[PDB]
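Source file: model-v1.pdb (PDB, C-alpha atoms and all ligand atoms)
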ATOM      1  CA  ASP Y  14      -8.902   1.657 -15.905
ATOM      2  CA  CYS Y  15      -5.454   0.832 -17.278
ATOM      3  CA  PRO Y  16      -2.434  -0.526 -15.382
ATOM      4  CA  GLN Y  17      -0.739   1.947 -13.057
ATOM      5  CA  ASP Y  18       2.272   3.719 -14.481
ATOM      6  CA  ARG Y  19       5.059   4.791 -12.094
ATOM      7  CA  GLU Y  20       3.437   8.157 -11.386
ATOM      8  CA  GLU Y  21      -0.023   6.729 -10.673
ATOM      9  CA  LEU Y  22       1.211   3.842  -8.509
ATOM     10  CA  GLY Y  23       3.392   6.333  -6.635
ATOM     11  CA  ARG Y  24       0.365   8.493  -5.885
ATOM     12  CA  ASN Y  25      -1.628   5.432  -4.748
ATOM     13  CA  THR Y  26       1.190   4.235  -2.554
ATOM     14  CA  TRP Y  27       2.061   7.502  -0.789
ATOM     15  CA  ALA Y  28      -1.652   7.949  -0.034
ATOM     16  CA  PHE Y  29      -1.837   4.480   1.443
ATOM     17  CA  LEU Y  30       1.463   4.778   3.347
ATOM     18  CA  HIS Y  31       0.906   8.260   4.795
ATOM     19  CA  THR Y  32      -2.617   7.249   5.852
ATOM     20  CA  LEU Y  33      -1.203   4.086   7.375
ATOM     21  CA  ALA Y  34       1.209   6.198   9.431
ATOM     22  CA  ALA Y  35      -1.425   8.812  10.318
ATOM     23  CA  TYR Y  36      -3.551   6.167  12.056
ATOM     24  CA  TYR Y  37      -0.688   4.205  13.573
ATOM     25  CA  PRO Y  38      -1.019   4.222  17.388
ATOM     26  CA  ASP Y  39       0.465   7.111  19.356
ATOM     27  CA  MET Y  40       1.653   4.494  21.843
ATOM     28  CA  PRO Y  41       2.384   1.273  19.913
ATOM     29  CA  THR Y  42       3.326  -1.860  21.831
ATOM     30  CA  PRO Y  43       6.708  -3.431  21.146
ATOM     31  CA  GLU Y  44       5.063  -6.071  18.932
ATOM     32  CA  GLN Y  45       3.374  -3.363  16.869
ATOM     33  CA  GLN Y  46       6.645  -1.427  16.636
ATOM     34  CA  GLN Y  47       8.170  -4.622  15.223
ATOM     35  CA  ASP Y  48       5.323  -5.463  12.854
ATOM     36  CA  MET Y  49       5.414  -1.994  11.318
ATOM     37  CA  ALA Y  50       9.199  -2.073  10.932
ATOM     38  CA  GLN Y  51       8.963  -5.503   9.322
ATOM     39  CA  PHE Y  52       6.111  -4.361   7.076
ATOM     40  CA  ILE Y  53       8.184  -1.478   5.776
ATOM     41  CA  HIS Y  54      11.154  -3.805   5.139
ATOM     42  CA  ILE Y  55       9.065  -6.286   3.148
ATOM     43  CA  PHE Y  56       7.528  -3.353   1.281
ATOM     44  CA  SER Y  57      11.033  -2.233   0.275
ATOM     45  CA  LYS Y  58      11.734  -5.650  -1.278
ATOM     46  CA  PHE Y  59       8.546  -5.831  -3.373
ATOM     47  CA  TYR Y  60       7.617  -2.286  -4.439
ATOM     48  CA  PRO Y  61       7.749  -2.178  -8.251
ATOM     49  CA  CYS Y  62      10.276   0.464  -9.245
ATOM     50  CA  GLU Y  63      12.290  -0.794 -12.208
ATOM     51  CA  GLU Y  64      15.327   1.424 -12.803
ATOM     52  CA  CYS Y  65      14.121   3.987 -10.265
ATOM     53  CA  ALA Y  66      16.659   6.555  -9.127
ATOM     54  CA  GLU Y  67      15.601   5.983  -5.506
ATOM     55  CA  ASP Y  68      17.057   2.735  -4.199
ATOM     56  CA  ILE Y  69      14.405   2.205  -1.506
ATOM     57  CA  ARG Y  70      15.716  -1.207  -0.500
ATOM     58  CA  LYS Y  71      19.061   0.298   0.506
ATOM     59  CA  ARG Y  72      17.418   3.424   1.863
ATOM     60  CA  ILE Y  73      15.191   1.471   4.264
ATOM     61  CA  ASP Y  74      18.242  -0.505   5.537
ATOM     62  CA  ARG Y  75      20.342   2.633   6.164
ATOM     63  CA  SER Y  76      17.811   5.051   7.580
ATOM     64  CA  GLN Y  77      15.672   2.397   9.227
ATOM     65  CA  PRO Y  78      11.958   3.017   9.773
ATOM     66  CA  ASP Y  79      11.403   4.516  13.218
ATOM     67  CA  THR Y  80       8.169   2.986  14.481
ATOM     68  CA  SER Y  81       8.331   4.129  18.113
ATOM     69  CA  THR Y  82       5.267   6.325  17.799
ATOM     70  CA  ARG Y  83       2.720   7.654  15.299
ATOM     71  CA  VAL Y  84       4.595  10.957  15.014
ATOM     72  CA  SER Y  85       8.005   9.233  14.696
ATOM     73  CA  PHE Y  86       6.747   6.930  11.949
ATOM     74  CA  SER Y  87       4.880   9.817  10.287
ATOM     75  CA  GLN Y  88       7.971  12.002  10.235
ATOM     76  CA  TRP Y  89      10.247   9.189   9.080
ATOM     77  CA  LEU Y  90       7.919   8.430   6.185
ATOM     78  CA  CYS Y  91       7.755  12.141   5.335
ATOM     79  CA  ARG Y  92      11.532  12.377   5.223
ATOM     80  CA  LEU Y  93      11.662   9.263   3.019
ATOM     81  CA  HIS Y  94       9.079  10.805   0.677
ATOM     82  CA  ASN Y  95      11.145  14.026   0.579
ATOM     83  CA  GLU Y  96      14.243  12.088  -0.475
ATOM     84  CA  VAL Y  97      12.261  10.903  -3.490
ATOM     85  CA  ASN Y  98      10.957  14.445  -4.070
ATOM     86  CA  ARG Y  99      14.553  15.777  -4.210
ATOM     87  CA  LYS Y 100      15.722  13.273  -6.826
ATOM     88  CA  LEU Y 101      12.658  14.077  -8.954
ATOM     89  CA  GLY Y 102      12.789  17.877  -8.671
ATOM     90  CA  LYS Y 103       9.588  18.105  -6.618
ATOM     91  CA  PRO Y 104       9.543  20.645  -3.769
ATOM     92  CA  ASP Y 105      10.128  19.643  -0.155
ATOM     93  CA  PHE Y 106       6.961  18.993   1.772
ATOM     94  CA  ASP Y 107       6.910  20.654   5.192
ATOM     95  CA  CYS Y 108       6.859  17.588   7.425
ATOM     96  CA  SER Y 109       5.349  19.580  10.272
ATOM     97  CA  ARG Y 110       2.110  19.695   8.287
ATOM     98  CA  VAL Y 111       1.845  15.943   7.805
ATOM     99  CA  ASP Y 112      -1.203  15.619  10.099
ATOM    100  CA  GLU Y 113      -3.086  18.441   8.384
ATOM    101  CA  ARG Y 114      -2.473  16.793   5.030
ATOM    102  CA  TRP Y 115      -3.269  13.163   5.834
ATOM    103  CA  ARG Y 116      -5.422  13.011   9.010
ATOM    104  CA  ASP Y 117      -7.029  16.254  10.165
ATOM    105  CA  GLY Y 118      -7.350  18.625   7.224
ATOM    106  CA  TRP Y 119      -5.596  21.962   6.738
ATOM    107  CA  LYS Y 120      -6.209  24.404   9.591
ATOM    108  CA  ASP Y 121      -7.976  26.760   7.120
ATOM    109  CA  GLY Y 122     -10.972  24.397   7.177
ATOM    110  CA  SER Y 123     -11.084  23.617   3.447
ATOM    111  CA  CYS Y 124     -11.463  19.870   4.100
TER     112      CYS Y 124
ATOM    113  CA  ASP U  14      -5.136  17.669  -1.190
ATOM    114  CA  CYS U  15      -7.203  16.570   1.829
ATOM    115  CA  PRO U  16      -7.024  13.419   3.984
ATOM    116  CA  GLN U  17      -8.324  10.200   2.393
ATOM    117  CA  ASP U  18     -11.896   9.216   3.109
ATOM    118  CA  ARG U  19     -12.799   5.518   3.272
ATOM    119  CA  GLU U  20     -13.616   5.317  -0.448
ATOM    120  CA  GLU U  21     -10.473   7.150  -1.573
ATOM    121  CA  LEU U  22      -8.170   5.209   0.775
ATOM    122  CA  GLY U  23      -9.735   2.038  -0.585
ATOM    123  CA  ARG U  24      -9.251   2.844  -4.272
ATOM    124  CA  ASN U  25      -5.578   3.660  -3.702
ATOM    125  CA  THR U  26      -4.816   0.604  -1.569
ATOM    126  CA  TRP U  27      -6.372  -1.899  -4.030
ATOM    127  CA  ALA U  28      -4.447  -0.224  -6.878
ATOM    128  CA  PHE U  29      -1.324  -0.633  -4.788
ATOM    129  CA  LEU U  30      -2.039  -4.271  -3.843
ATOM    130  CA  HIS U  31      -3.148  -5.511  -7.305
ATOM    131  CA  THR U  32      -0.083  -3.852  -8.782
ATOM    132  CA  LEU U  33       2.103  -5.392  -6.084
ATOM    133  CA  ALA U  34       0.714  -8.799  -7.034
ATOM    134  CA  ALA U  35       1.031  -8.060 -10.760
ATOM    135  CA  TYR U  36       4.791  -7.554 -10.404
ATOM    136  CA  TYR U  37       5.246 -10.421  -7.943
ATOM    137  CA  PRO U  38       7.572 -13.102  -9.430
ATOM    138  CA  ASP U  39       6.191 -15.953 -11.524
ATOM    139  CA  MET U  40       8.321 -18.397  -9.562
ATOM    140  CA  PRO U  41       9.117 -16.717  -6.233
ATOM    141  CA  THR U  42      11.595 -18.314  -3.846
ATOM    142  CA  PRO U  43      10.353 -19.889  -0.615
ATOM    143  CA  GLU U  44      11.602 -16.771   1.217
ATOM    144  CA  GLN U  45       9.713 -14.362  -1.061
ATOM    145  CA  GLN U  46       6.559 -16.460  -0.555
ATOM    146  CA  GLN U  47       6.899 -16.239   3.215
ATOM    147  CA  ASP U  48       7.702 -12.519   3.092
ATOM    148  CA  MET U  49       4.575 -11.789   1.070
ATOM    149  CA  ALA U  50       2.451 -13.911   3.406
ATOM    150  CA  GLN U  51       3.817 -11.910   6.344
ATOM    151  CA  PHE U  52       3.292  -8.632   4.471
ATOM    152  CA  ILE U  53      -0.389  -9.391   3.951
ATOM    153  CA  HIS U  54      -0.798 -10.551   7.541
ATOM    154  CA  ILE U  55       0.624  -7.308   8.956
ATOM    155  CA  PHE U  56      -1.297  -5.284   6.402
ATOM    156  CA  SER U  57      -4.568  -6.777   7.706
ATOM    157  CA  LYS U  58      -3.629  -5.683  11.256
ATOM    158  CA  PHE U  59      -2.959  -2.064  10.304
ATOM    159  CA  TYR U  60      -5.178  -1.018   7.375
ATOM    160  CA  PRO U  61      -6.330   2.458   8.554
ATOM    161  CA  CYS U  62     -10.066   1.873   8.133
ATOM    162  CA  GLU U  63     -10.982   0.183  11.433
ATOM    163  CA  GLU U  64     -14.174  -1.517  10.204
ATOM    164  CA  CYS U  65     -12.360  -2.480   6.992
ATOM    165  CA  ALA U  66      -9.383  -4.151   8.715
ATOM    166  CA  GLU U  67     -11.413  -6.268  11.160
ATOM    167  CA  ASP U  68     -13.411  -7.373   8.123
ATOM    168  CA  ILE U  69     -10.409  -8.389   6.002
ATOM    169  CA  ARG U  70      -8.583 -10.003   8.935
ATOM    170  CA  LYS U  71     -11.508 -12.406   9.292
ATOM    171  CA  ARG U  72     -11.619 -13.016   5.520
ATOM    172  CA  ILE U  73      -7.835 -13.584   5.381
ATOM    173  CA  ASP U  74      -7.727 -15.902   8.396
ATOM    174  CA  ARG U  75     -10.449 -17.866   6.571
ATOM    175  CA  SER U  76      -8.398 -18.282   3.372
ATOM    176  CA  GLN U  77      -4.712 -17.274   3.739
ATOM    177  CA  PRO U  78      -3.107 -15.736   0.672
ATOM    178  CA  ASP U  79      -1.699 -18.240  -1.815
ATOM    179  CA  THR U  80       1.671 -16.611  -2.510
ATOM    180  CA  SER U  81       2.984 -19.590  -4.509
ATOM    181  CA  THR U  82       3.086 -17.762  -7.866
ATOM    182  CA  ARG U  83       2.169 -14.446  -9.488
ATOM    183  CA  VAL U  84      -0.969 -16.201 -10.755
ATOM    184  CA  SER U  85      -2.027 -17.766  -7.436
ATOM    185  CA  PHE U  86      -1.458 -14.532  -5.541
ATOM    186  CA  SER U  87      -3.024 -12.208  -8.094
ATOM    187  CA  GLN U  88      -6.086 -14.487  -8.307
ATOM    188  CA  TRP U  89      -6.286 -14.855  -4.525
ATOM    189  CA  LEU U  90      -6.218 -11.075  -4.243
ATOM    190  CA  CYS U  91      -8.875 -10.757  -6.917
ATOM    191  CA  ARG U  92     -11.157 -13.144  -4.984
ATOM    192  CA  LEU U  93     -10.566 -11.256  -1.722
ATOM    193  CA  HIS U  94     -11.465  -7.969  -3.397
ATOM    194  CA  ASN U  95     -14.592  -9.585  -4.875
ATOM    195  CA  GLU U  96     -15.771 -10.477  -1.355
ATOM    196  CA  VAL U  97     -15.572  -6.828  -0.313
ATOM    197  CA  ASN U  98     -17.329  -5.927  -3.576
ATOM    198  CA  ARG U  99     -20.193  -8.325  -2.737
ATOM    199  CA  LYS U 100     -20.566  -7.017   0.800
ATOM    200  CA  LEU U 101     -20.678  -3.460  -0.551
ATOM    201  CA  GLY U 102     -23.189  -4.161  -3.334
ATOM    202  CA  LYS U 103     -20.659  -3.557  -6.116
ATOM    203  CA  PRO U 104     -20.391  -5.798  -9.206
ATOM    204  CA  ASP U 105     -18.191  -8.866  -9.412
ATOM    205  CA  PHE U 106     -14.850  -8.277 -11.149
ATOM    206  CA  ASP U 107     -14.076 -11.026 -13.645
ATOM    207  CA  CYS U 108     -10.792 -12.315 -12.200
ATOM    208  CA  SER U 109      -9.702 -13.660 -15.596
ATOM    209  CA  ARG U 110      -9.163 -10.051 -16.674
ATOM    210  CA  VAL U 111      -6.895  -9.199 -13.732
ATOM    211  CA  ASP U 112      -3.603  -9.426 -15.664
ATOM    212  CA  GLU U 113      -5.033  -7.126 -18.288
ATOM    213  CA  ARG U 114      -6.466  -4.709 -15.722
ATOM    214  CA  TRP U 115      -3.306  -4.301 -13.614
ATOM    215  CA  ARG U 116      -0.378  -5.558 -15.707
ATOM    216  CA  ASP U 117      -0.548  -5.991 -19.489
ATOM    217  CA  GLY U 118      -3.360  -3.672 -20.530
ATOM    218  CA  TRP U 119      -6.447  -4.669 -22.484
ATOM    219  CA  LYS U 120      -5.737  -7.219 -25.213
ATOM    220  CA  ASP U 121      -7.040  -4.673 -27.734
ATOM    221  CA  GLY U 122      -4.260  -2.124 -27.208
ATOM    222  CA  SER U 123      -6.687   0.213 -25.409
ATOM    223  CA  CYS U 124      -3.778   1.137 -23.111
TER     224      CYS U 124
HETATM  225  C1  LIG I   1       8.491   4.275  -2.117
HETATM  226  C2  LIG I   1       8.361   5.004  -3.435
HETATM  227  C3  LIG I   1       9.494   5.205  -4.223
HETATM  228  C4  LIG I   1       9.399   5.879  -5.436
HETATM  229  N1  LIG I   1      10.541   6.060  -6.204
HETATM  230  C5  LIG I   1      10.464   6.723  -7.408
HETATM  231  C6  LIG I   1      11.598   6.922  -8.203
HETATM  232  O1  LIG I   1      12.695   6.510  -7.852
HETATM  233  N2  LIG I   1      11.491   7.588  -9.408
HETATM  234  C7  LIG I   1      10.261   8.049  -9.823
HETATM  235  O2  LIG I   1      10.148   8.635 -10.896
HETATM  236  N3  LIG I   1       9.146   7.863  -9.037
HETATM  237  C8  LIG I   1       9.233   7.202  -7.842
HETATM  238  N4  LIG I   1       8.092   7.023  -7.096
HETATM  239  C9  LIG I   1       6.803   7.601  -7.613
HETATM  240  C10 LIG I   1       6.917   9.099  -7.272
HETATM  241  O3  LIG I   1       7.511   9.257  -6.002
HETATM  242  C11 LIG I   1       5.617   9.906  -7.284
HETATM  243  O4  LIG I   1       4.586   9.215  -6.603
HETATM  244  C12 LIG I   1       5.167  10.203  -8.716
HETATM  245  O5  LIG I   1       6.247  10.796  -9.422
HETATM  246  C13 LIG I   1       3.921  11.090  -8.720
HETATM  247  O6  LIG I   1       4.290  12.360  -8.225
HETATM  248  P1  LIG I   1       3.226  13.450  -7.721
HETATM  249  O7  LIG I   1       3.721  14.801  -8.163
HETATM  250  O8  LIG I   1       1.855  13.164  -8.275
HETATM  251  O9  LIG I   1       3.164  13.474  -6.107
HETATM  252  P2  LIG I   1       3.617  12.334  -5.056
HETATM  253  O10 LIG I   1       5.086  12.321  -4.706
HETATM  254  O11 LIG I   1       3.145  10.990  -5.540
HETATM  255  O12 LIG I   1       2.841  12.838  -3.745
HETATM  256  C14 LIG I   1       1.449  12.741  -3.596
HETATM  257  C15 LIG I   1       1.069  13.731  -2.499
HETATM  258  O13 LIG I   1       1.729  13.466  -1.271
HETATM  259  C16 LIG I   1       2.007  14.678  -0.578
HETATM  260  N5  LIG I   1       3.430  14.713  -0.236
HETATM  261  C17 LIG I   1       4.477  15.056  -1.055
HETATM  262  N6  LIG I   1       5.625  14.923  -0.352
HETATM  263  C18 LIG I   1       5.332  14.486   0.894
HETATM  264  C19 LIG I   1       6.111  14.188   2.008
HETATM  265  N7  LIG I   1       7.428  14.321   1.977
HETATM  266  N8  LIG I   1       5.513  13.754   3.165
HETATM  267  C20 LIG I   1       4.139  13.614   3.218
HETATM  268  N9  LIG I   1       3.359  13.910   2.123
HETATM  269  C21 LIG I   1       3.949  14.346   0.979
HETATM  270  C22 LIG I   1       1.694  15.818  -1.520
HETATM  271  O14 LIG I   1       0.464  16.354  -1.106
HETATM  272  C23 LIG I   1       1.507  15.141  -2.858
HETATM  273  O15 LIG I   1       0.517  15.778  -3.615
HETATM  274  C24 LIG I   1       8.165   6.363  -5.877
HETATM  275  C25 LIG I   1       7.026   6.171  -5.096
HETATM  276  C26 LIG I   1       7.125   5.485  -3.879
HETATM  277  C27 LIG I   1       5.910   5.285  -3.028
HETATM  278  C1  LIG I   2      -8.453  -4.319   2.347
HETATM  279  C2  LIG I   2      -9.639  -3.412   2.148
HETATM  280  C3  LIG I   2     -10.764  -3.575   2.949
HETATM  281  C4  LIG I   2     -11.860  -2.732   2.770
HETATM  282  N1  LIG I   2     -12.975  -2.902   3.573
HETATM  283  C5  LIG I   2     -14.070  -2.082   3.412
HETATM  284  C6  LIG I   2     -15.193  -2.259   4.220
HETATM  285  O1  LIG I   2     -15.218  -3.137   5.077
HETATM  286  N2  LIG I   2     -16.285  -1.442   4.071
HETATM  287  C7  LIG I   2     -16.253  -0.460   3.111
HETATM  288  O2  LIG I   2     -17.229   0.261   2.988
HETATM  289  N3  LIG I   2     -15.150  -0.280   2.294
HETATM  290  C8  LIG I   2     -14.050  -1.089   2.440
HETATM  291  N4  LIG I   2     -12.942  -0.913   1.631
HETATM  292  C9  LIG I   2     -12.953   0.155   0.575
HETATM  293  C10 LIG I   2     -13.771  -0.384  -0.613
HETATM  294  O3  LIG I   2     -13.429  -1.719  -0.901
HETATM  295  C11 LIG I   2     -13.550   0.367  -1.918
HETATM  296  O4  LIG I   2     -12.159   0.528  -2.113
HETATM  297  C12 LIG I   2     -14.277   1.712  -1.958
HETATM  298  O5  LIG I   2     -15.630   1.487  -1.643
HETATM  299  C13 LIG I   2     -14.192   2.375  -3.334
HETATM  300  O6  LIG I   2     -14.715   1.462  -4.263
HETATM  301  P1  LIG I   2     -14.660   1.693  -5.857
HETATM  302  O7  LIG I   2     -16.037   1.443  -6.426
HETATM  303  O8  LIG I   2     -14.093   3.039  -6.218
HETATM  304  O9  LIG I   2     -13.721   0.554  -6.472
HETATM  305  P2  LIG I   2     -12.662  -0.324  -5.652
HETATM  306  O10 LIG I   2     -13.322  -1.488  -4.964
HETATM  307  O11 LIG I   2     -11.893   0.528  -4.687
HETATM  308  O12 LIG I   2     -11.753  -0.873  -6.870
HETATM  309  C14 LIG I   2     -10.947  -0.016  -7.631
HETATM  310  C15 LIG I   2     -10.800  -0.604  -9.029
HETATM  311  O13 LIG I   2     -10.216  -1.886  -8.952
HETATM  312  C16 LIG I   2     -10.748  -2.766  -9.929
HETATM  313  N5  LIG I   2     -11.307  -3.946  -9.250
HETATM  314  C17 LIG I   2     -12.528  -4.026  -8.633
HETATM  315  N6  LIG I   2     -12.665  -5.265  -8.115
HETATM  316  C18 LIG I   2     -11.544  -5.969  -8.389
HETATM  317  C19 LIG I   2     -11.152  -7.262  -8.100
HETATM  318  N7  LIG I   2     -11.896  -8.035  -7.317
HETATM  319  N8  LIG I   2      -9.929  -7.714  -8.525
HETATM  320  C20 LIG I   2      -9.099  -6.889  -9.240
HETATM  321  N9  LIG I   2      -9.483  -5.602  -9.519
HETATM  322  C21 LIG I   2     -10.687  -5.151  -9.104
HETATM  323  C22 LIG I   2     -11.866  -2.024 -10.624
HETATM  324  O14 LIG I   2     -11.365  -1.646 -11.877
HETATM  325  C23 LIG I   2     -12.124  -0.806  -9.757
HETATM  326  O15 LIG I   2     -12.444   0.289 -10.581
HETATM  327  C24 LIG I   2     -11.841  -1.734   1.790
HETATM  328  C25 LIG I   2     -10.721  -1.574   0.990
HETATM  329  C26 LIG I   2      -9.615  -2.405   1.178
HETATM  330  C27 LIG I   2      -8.390  -2.241   0.331
HETATM  331 CL    CL I   3       9.103 -10.476  18.648
HETATM  332 CL    CL I   4       3.352  -9.780  15.332
HETATM  333 CL    CL I   5      14.374  -5.931   4.158
HETATM  334 CL    CL I   6      15.425  -9.650   4.294
HETATM  335 CL    CL I   7      16.838  -6.137   1.186
HETATM  336 CL    CL I   8      17.920  -6.643   4.891
HETATM  337 CL    CL I   9      -7.472  10.049  -4.130
END
Go ahead and render the structure in this file as structure tokens.
Amino acid sequence: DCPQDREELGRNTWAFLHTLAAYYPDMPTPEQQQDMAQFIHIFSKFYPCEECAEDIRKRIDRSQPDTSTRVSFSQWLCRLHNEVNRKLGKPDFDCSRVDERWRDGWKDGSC
Amino acid sequence: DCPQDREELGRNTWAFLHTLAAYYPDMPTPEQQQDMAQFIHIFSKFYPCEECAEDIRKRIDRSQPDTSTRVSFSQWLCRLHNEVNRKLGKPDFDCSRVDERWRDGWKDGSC
């Protein structure tokens, strides 16, 4: 029950974000497409990451969040997460398995 | 390595939000204040737990977040979380310990 260090807050935040995207509507209205985009932009301005190698502010303004659909948003967030993985020497996550991981459970039934 | 259940998603999101508030500026600009207000508003529309989001939307529309300062916002978020605690039968968190819990660590160097 101590303050989150970078690693712990990261783990909290990916879990929240990927779950957010997993339950985002398959067919979002324009207003929802715009709320989610805006949400991700505001997130980029406030996420605590002092002296982080990933400049997420700049990253979110260059490769803008694609909030057209659940799968678009899901895949965009997965690519973002993989950019952070690369800088940190963590292996690439296979983005095609994003639903198994965060919504449905691995096909092997272990969830 | 499996999808978040309601309890897991919850633990991660609070950690993320209290930490977000803990690193919010002491004297934020009018634009930061408005951004954070909007962030929370959109959050309440999209939080993946359906029952949970309808619940917090109605609590947030009742008392909008005070994003005036790190203190106001952190405390506001503490009070919001204590409402969910009460509904769920969990103990009250002493909001005077919030800075210690999510920012500075316990005054006794326990962290
Ligand atoms: C926006 C953001 C920026 C960050 N920037 C930095 C930084 O610059 N420097 C730094 O040191 N730390 C940064 N962090 C924290 C860091 O990314 C990790 O969270 C932390 O290092 C813990 O790593 P981990 O090995 O526990 O797994 P995490 O990266 O936290 O991943 C947790 C789980 O998500 C799943 N996962 C992994 N990759 C993907 C993917 N591509 N798509 C979907 N699911 C995936 C895996 O199952 C993994 O176990 C950042 C975190 C966030 C949210
Ligand atoms: C916005 C939101 C709405 C939710 N709505 C529901 C719902 O309607 N129904 C439901 O069943 N679950 C809901 N949840 C999930 C639920 O609140 C808990 O997260 C979950 O039950 C796990 O609780 P926990 O005992 O592990 O501790 P959590 O409540 O998840 O808290 C995690 C840690 O935060 C610290 N903490 C506790 N209270 C405070 C506080 N008030 N201020 C600062 N720090 C604190 C404590 O150290 C605690 O160990 C919601 C979660 C969120 C984020
Ligand atoms: Cl509009
Ligand atoms: Cl809107
Ligand atoms: Cl922005
Ligand atoms: Cl901006
Ligand atoms: Cl910006
Ligand atoms: Cl911008
Ligand atoms: Cl977890």
(Q) Could you list, as a list in words, all protein and nucleic acid residues with an atom at most 9 Å from ligand CL 5 (chain I), counting only C-alpha atoms and all ligand atoms? (A)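 The residues within 9 Å of ligand CL 5 (chain I), counting only C-alpha atoms and all ligand atoms, are residues 51, 52, 53, 54, 55, 56, 57, 58, 70, 71, 73 and 74 of chain Y.
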Q: Please give the root-mean-square deviation of the Cα atoms once chain U has been least-squares fitted onto chain Y, pairing every Cα in order.
A: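 It is 1.3 Å.
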Q: Tell me which residues the PyMOL selection byres (((chain Y and resi 77-91) around 12) and not hetatm) grabs here, as a PyMOL selection string.
A: chain Y and resi 26-57+69-76+92-98+105-116
Q: Figure out the distance between CA of residue 25 (chain U) and atom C22 of ligand LIG 2 (chain I), please, to one decimal in Å.
A: 10.9 Å
Q) For the atom pair atom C16 of ligand LIG 2 (chain I) and CA of residue 61 (chain Y), what is the interatomic distance in Å to one decimal place? A)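 Computing it gives 18.6 Å between the two atoms.
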Save region 52-95 of chain Y to a file: C-alpha atoms, as a PDB file, in the first residue's frame.
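Printed below is result-v5.pdb as written:
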ATOM      1  CA  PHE Y  52      -9.967  11.542 -23.604  1.00  0.00           C
ATOM      2  CA  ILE Y  53      -6.765  10.082 -24.987  1.00  0.00           C
ATOM      3  CA  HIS Y  54      -5.399  13.582 -25.715  1.00  0.00           C
ATOM      4  CA  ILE Y  55      -6.085  14.823 -22.184  1.00  0.00           C
ATOM      5  CA  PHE Y  56      -4.577  11.596 -20.855  1.00  0.00           C
ATOM      6  CA  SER Y  57      -1.383  12.359 -22.795  1.00  0.00           C
ATOM      7  CA  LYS Y  58      -1.083  15.751 -21.068  1.00  0.00           C
ATOM      8  CA  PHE Y  59      -1.509  14.455 -17.501  1.00  0.00           C
ATOM      9  CA  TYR Y  60      -0.003  10.953 -17.317  1.00  0.00           C
ATOM     10  CA  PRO Y  61       2.872  11.087 -14.811  1.00  0.00           C
ATOM     11  CA  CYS Y  62       6.033  10.045 -16.621  1.00  0.00           C
ATOM     12  CA  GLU Y  63       8.905  12.248 -15.474  1.00  0.00           C
ATOM     13  CA  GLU Y  64      11.925  11.806 -17.751  1.00  0.00           C
ATOM     14  CA  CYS Y  65      10.307   8.873 -19.553  1.00  0.00           C
ATOM     15  CA  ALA Y  66      11.905   7.810 -22.815  1.00  0.00           C
ATOM     16  CA  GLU Y  67       8.457   7.641 -24.440  1.00  0.00           C
ATOM     17  CA  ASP Y  68       7.194  11.129 -25.228  1.00  0.00           C
ATOM     18  CA  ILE Y  69       3.494  10.191 -25.194  1.00  0.00           C
ATOM     19  CA  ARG Y  70       2.303  13.765 -25.627  1.00  0.00           C
ATOM     20  CA  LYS Y  71       4.088  14.026 -28.976  1.00  0.00           C
ATOM     21  CA  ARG Y  72       3.270  10.441 -29.864  1.00  0.00           C
ATOM     22  CA  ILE Y  73      -0.483  10.965 -29.441  1.00  0.00           C
ATOM     23  CA  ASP Y  74      -0.323  14.114 -31.652  1.00  0.00           C
ATOM     24  CA  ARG Y  75       1.594  12.363 -34.464  1.00  0.00           C
ATOM     25  CA  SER Y  76      -0.044   8.963 -34.587  1.00  0.00           C
ATOM     26  CA  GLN Y  77      -3.454  10.175 -33.474  1.00  0.00           C
ATOM     27  CA  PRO Y  78      -5.809   7.811 -31.647  1.00  0.00           C
ATOM     28  CA  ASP Y  79      -8.085   6.084 -34.150  1.00  0.00           C
ATOM     29  CA  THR Y  80     -11.454   5.800 -32.429  1.00  0.00           C
ATOM     30  CA  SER Y  81     -13.572   4.723 -35.408  1.00  0.00           C
ATOM     31  CA  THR Y  82     -14.354   1.333 -33.921  1.00  0.00           C
ATOM     32  CA  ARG Y  83     -13.563  -0.953 -30.981  1.00  0.00           C
ATOM     33  CA  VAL Y  84     -11.059  -2.919 -33.073  1.00  0.00           C
ATOM     34  CA  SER Y  85      -9.447   0.253 -34.501  1.00  0.00           C
ATOM     35  CA  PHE Y  86      -9.033   1.774 -31.044  1.00  0.00           C
ATOM     36  CA  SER Y  87      -7.885  -1.581 -29.629  1.00  0.00           C
ATOM     37  CA  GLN Y  88      -5.239  -1.991 -32.304  1.00  0.00           C
ATOM     38  CA  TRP Y  89      -4.082   1.620 -32.068  1.00  0.00           C
ATOM     39  CA  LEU Y  90      -3.632   1.279 -28.318  1.00  0.00           C
ATOM     40  CA  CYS Y  91      -1.771  -2.007 -28.833  1.00  0.00           C
ATOM     41  CA  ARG Y  92       0.617  -0.378 -31.277  1.00  0.00           C
ATOM     42  CA  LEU Y  93       1.161   2.501 -28.831  1.00  0.00           C
ATOM     43  CA  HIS Y  94       1.893   0.003 -26.045  1.00  0.00           C
ATOM     44  CA  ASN Y  95       4.345  -1.807 -28.362  1.00  0.00           C
TER      45      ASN Y  95
END
